[PDB]
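Listed here are the chains, written in short residue letters.
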Amino acid sequence: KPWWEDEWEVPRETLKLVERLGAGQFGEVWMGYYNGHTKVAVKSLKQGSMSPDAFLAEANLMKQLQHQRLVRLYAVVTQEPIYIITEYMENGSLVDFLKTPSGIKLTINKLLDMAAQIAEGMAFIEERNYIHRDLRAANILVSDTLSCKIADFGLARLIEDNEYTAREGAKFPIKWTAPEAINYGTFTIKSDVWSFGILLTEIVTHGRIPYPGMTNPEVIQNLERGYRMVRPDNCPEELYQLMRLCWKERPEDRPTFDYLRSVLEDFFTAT
Ligand SMILES: Clc1ccccc1Nc1ncc(-c2ccccc2)n2cncc12
């Protein structure tokens, strides 16, 4: 729909940018208020840094994927500077939260709880025929009540025929990304499942880099031999075995997100 009919368009006046949370090559993220009272995140596009069609694509996808476990689109401003306004996540990114005094004190039970919440989010994404492609603790946000939500949908895609194929040039974080996606550019929900296994390591290590002490080429070498990541310090063995299922060689042997959610809730209500 055009901007004058689009239920998501808001007048820029409705928004007050209060505290900057982040700044990079392509714009900023702010905490601010919508209509004086409602706390919001505002991502702003730095003009000329990238296409506004490309920037707005993330908001259009979020219009289609609404769930409690996914950071919610609130509104767009489609005149420069372009804004995407969402649900505010008070405790910021999981990777950062896990390192704070409150993150430090969390028991394994609460960690397993948060893991289940993330799987539940991904189970919705899976049911809807989408993939995420950027699933990692940096892209999970944490609420004031310590609930978790999937964020950063920039690489997220509605799947045609189960597989998205990126361009020959395209590069992805080696430690988080499934071998078939690094090697062939082919992504499926099963690529995300692989990423989830890596994300579980970040949870149990409070946000440490996967494959401690290893370079990208070493990770690749080890994986091809049939090794997987060494058992993180203090990782319960049941969780580690659940990671290994996410890292099955054949994407099709990897579990569903519904399965992963189910098992993690069992782990949680047992601890
Ligand atoms: Cl603003 C936006 C646009 C597109 C997709 C998700 C979000 N939501 C958020 N992104 C980033 C942060 C954020 C950015 C920097 C540091 C910590 C959190 N955030 C906090 N609450 C909601 C969001």
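Residues numbered from 1 in each chain as written, not as in the entry; some residues may be left out. Heavy atoms only, no water.

Draft legend 1. Focus on the packing of aromatic side chains. Under the definition given, this model contains three aromatic pairs. The residue whose ring lies beneath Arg12 is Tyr83, and the NZ or CZ to ring-centre distance is 4.8 Å. The ring of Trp176 has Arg136 sitting right over it, with the charged end atom 3.9 Å from the ring centre. (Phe/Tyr/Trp six-rings, centres within 6.5 Å; stacked < 30°, edge-to-face > 60°. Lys NZ or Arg CZ within 6 Å of the ring centre and 35° of its normal.)

Draft legend 2. Spatial organisation of the nonpolar core. Among the nonpolar cores identified, the biggest contains 72 residues, and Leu94, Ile118, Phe196 and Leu264 are the most heavily contacted of them. Here this core takes eleven residues from helix 4 (residues 108–127), the largest share from any one element. In this structure, this core is formed jointly by two domains, domain 1 (1–88) and domain 2 (89–271), each of which donates at least three residues. Once residues within four sequence positions are removed from consideration, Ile118 is found in contact with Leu94, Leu135, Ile140, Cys148, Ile150, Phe196, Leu199 and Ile203. Of all hydrophobic cores here, the second largest spans nine residues; its members include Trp30, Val42, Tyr83 and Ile85. (Core = buried A, V, L, I, M, F, W, Y, C linked by side-chain atoms within 4.5 Å. Buried < 20%, exposed > 50% of the residue type's maximum accessible area, 1.4 Å probe, protein only. Helix = DSSP H or I, 4+ residues; strand = E, 2+ residues; numbered from the N terminus. Domains from an automatic or database assignment. Contact = heavy atoms within 4.5 Å.)

Draft legend 3. Spotlight on the packing of helix 8 (residues 237–246) against helix 9 (residues 257–268). Helix 9 packs onto helix 8 with a crossing angle of 175° between their chain directions and a minimal axis gap of 11 Å. When the axis of helix 8 is compared with that of helix 9, the two are roughly antiparallel. Contact residues: helix 8 offers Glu238, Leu239, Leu242, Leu245 and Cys246, while helix 9 offers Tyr259, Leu260, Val263, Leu264 and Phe267. Taken together, the residues of the contact of helix 8 with helix 9 sort by class into nine nonpolar, no polar and one charged. (Axes fitted to C-alpha atoms, helices over the stretch in contact; angles between N-to-C directions. Parallel < 35°, antiparallel > 145°, perpendicular 65-115°, else oblique. Nonpolar A, V, L, I, M, F, W, Y, C, P; charged D, E, K, R; others polar.)

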